[PDB]
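First come two forms of one protein chain, each written alone as structure tokens, so that there is a structure 1 and a structure 2.
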Structure 1
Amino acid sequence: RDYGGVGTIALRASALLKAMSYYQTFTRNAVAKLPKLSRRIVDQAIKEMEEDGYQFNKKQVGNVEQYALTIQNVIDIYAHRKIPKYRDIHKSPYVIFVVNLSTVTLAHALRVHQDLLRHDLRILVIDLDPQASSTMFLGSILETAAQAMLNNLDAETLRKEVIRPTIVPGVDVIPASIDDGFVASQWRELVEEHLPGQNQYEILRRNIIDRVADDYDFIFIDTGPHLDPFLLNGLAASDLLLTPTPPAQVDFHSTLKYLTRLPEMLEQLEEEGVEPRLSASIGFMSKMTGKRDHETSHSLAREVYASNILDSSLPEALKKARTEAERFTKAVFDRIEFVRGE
């Protein structure tokens, strides 16, 4: 009956669908407390910089004029002080495959961090998760990552049309949709149509990542579990596996179950003729509390991840959480730099 009655709901829906279609400033003294800077450097940087244009941001507090430099003002002072940016040390595109069994939150943190601003970090968060969890950070969108890969777009198109800005200017995001799930269920088939002779597991690196390579210092990748064409494409273009491990006694079991399954994944990429770039890995507990079991699955974490485990775990709601999260970011950031070398 309603089998012929679901098409109705369908149509009603589709029809209805048609008709459907940030400010952190610092005080001088604050900027002075930042790395490689002091009240003498700042006061001199500002003086010199205004001596030939450039306008710093100022508050109207009290009655008088203030001085509330923005993340850009600070970055520009570091630039005037000729302090190399992250894009001056590393060749471009460090791709981080995030093992989510949030991501934009790390991107946002890394960006505005205290002792990281000197890096003028450029972060991209490509959302390949059907649920679009991340997508909820930046009207209605149109170009999902799954779609962009199939449309053989050009550098410019991804730039001024596909990539979307967020609440944090330095961090950009390529949105996902609930539609992409369907796209996956027919991935190979579509690749054979839209991307003749193309390797279904190298599209991500060729049609998006390599096309925006000279634009981002870091590029994160988000995907659900089960998914394969997306998961496979993700693993196939990333050089660092970032595995956040849950504290939950039960979630601890799952993540392990999941980990013990990567070899097979990485193998399929071998039979399809692709050669994973994966070359580093980071693991860590999430909000691990002062509870036996949760502190017990933590001790078991160091096991598997061995040396590859973090030395800090990502976490009363305010100064009690923020100070703890910041150190987590710094922790993740330093691992990359270390690993990036030897």
Structure 2
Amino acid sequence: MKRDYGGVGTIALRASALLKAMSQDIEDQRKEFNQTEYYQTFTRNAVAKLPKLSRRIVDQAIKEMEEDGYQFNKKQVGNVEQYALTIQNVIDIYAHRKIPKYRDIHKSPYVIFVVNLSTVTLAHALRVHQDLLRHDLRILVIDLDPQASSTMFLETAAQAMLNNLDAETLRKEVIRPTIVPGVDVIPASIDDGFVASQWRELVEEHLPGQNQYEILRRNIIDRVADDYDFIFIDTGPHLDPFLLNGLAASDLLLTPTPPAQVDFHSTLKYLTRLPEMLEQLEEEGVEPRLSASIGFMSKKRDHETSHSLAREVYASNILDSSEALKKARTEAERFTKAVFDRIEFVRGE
């Protein structure tokens, strides 16, 4: 309440009022998802081209499945009904053919910490990758950064951590569905800034006797453990309690390294500070779950020079990646399967 500071309130009132001007913008979000174009159609020959399958596996499965009930997807082109198999169609075929799902080879939840200085987009990528469907992946993305991941949609992760909810509530009330059926998101908000700020205090008041850095693991990860193969944690750079919760609940650090000689140094400085961050956990008497790290490149002088530099710092934990649709989409795909293979590499080995 004073004069023009009593006017910041004025701009605020008008800002929230124009935020209602937003329904006109929600339809713009679909303009961004229309570019994703994901309702891939699969011709029986393509499916037969997939891993562990063949023109004869597809046909036997299709016939067999068709017979006990199952109804595959079809399109009516011209006057003929061609088969257009969906991701679930292909996924069920692998199940009919009895190929083991990822959840049949690996004990529940592998947690990944993504270094922010894109994530849901990676999660979507891993789920719908041709040579990866056989795994039937279940991925959840936890948003502990007051901004981006919540973009993919039709109670924040911070709130849920404090509300101390049970698996049934998390499953049916907090965890929200993304545009891709296999990937789920627990959203973030600006308002998480206030929680991140008064964390320990709020912890002591609502979660008595619980360690302030085991709360991500305790109240979410562990309660949704049998539900997801991969769990990606998205946080800001700046934050520390929320950033520390991610470092204590994750198994693998995933560090994306920018080509710009400008950003390459930011990342380098960031990475140079993680040890001190782990020590704060150690001081609280909590063991970090970290057991593996991976770093890659993206995106002319800088790029070409940065890639050869990352090898120096990441050593054996470095990867590759990026005319536009044909070429790039492909380059991207190759990256995804690269990331998956590395996780598999560092995991059950």
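Rigid core (definition): largest C-alpha set, two forms, superposition within 1.5 Å. Residue 1 is the first residue of structure 1, and the numbers go on in sequence order from there.
> Superpose on the core and compare between structures 1 and 2; which one of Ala132, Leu241, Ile203, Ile123 crosses the 2 Å Cα shift mark?
Spelled out, the residue whose C-alpha shifts by 2 Å or more is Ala132.
> When the rigid core is used for the superposition, does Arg322 move between structures 1 and 2 (threshold: C-alpha shift of 2 Å or more)?
No, its C-alpha moves less than 2 Å.
> Report, to one decimal in Å, how far the Cα of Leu16 moves between structures 1 and 2 once the rigid core is superposed.
Its C-alpha shift, to one decimal, is 9.0 Å.
> After superposing on the rigid core, how much does the Cα of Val6 shift between structures 1 and 2, in Å?
The alpha-carbon displacement, core-superposed, is 3.6 Å.
> What is the magnitude, in angstrom, of the C-alpha shift at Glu65 between structures 1 and 2 when the rigid core serves as the superposition reference?
With the rigid core fitted, the alpha carbon of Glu65 is displaced 1.1 Å between structures 1 and 2.
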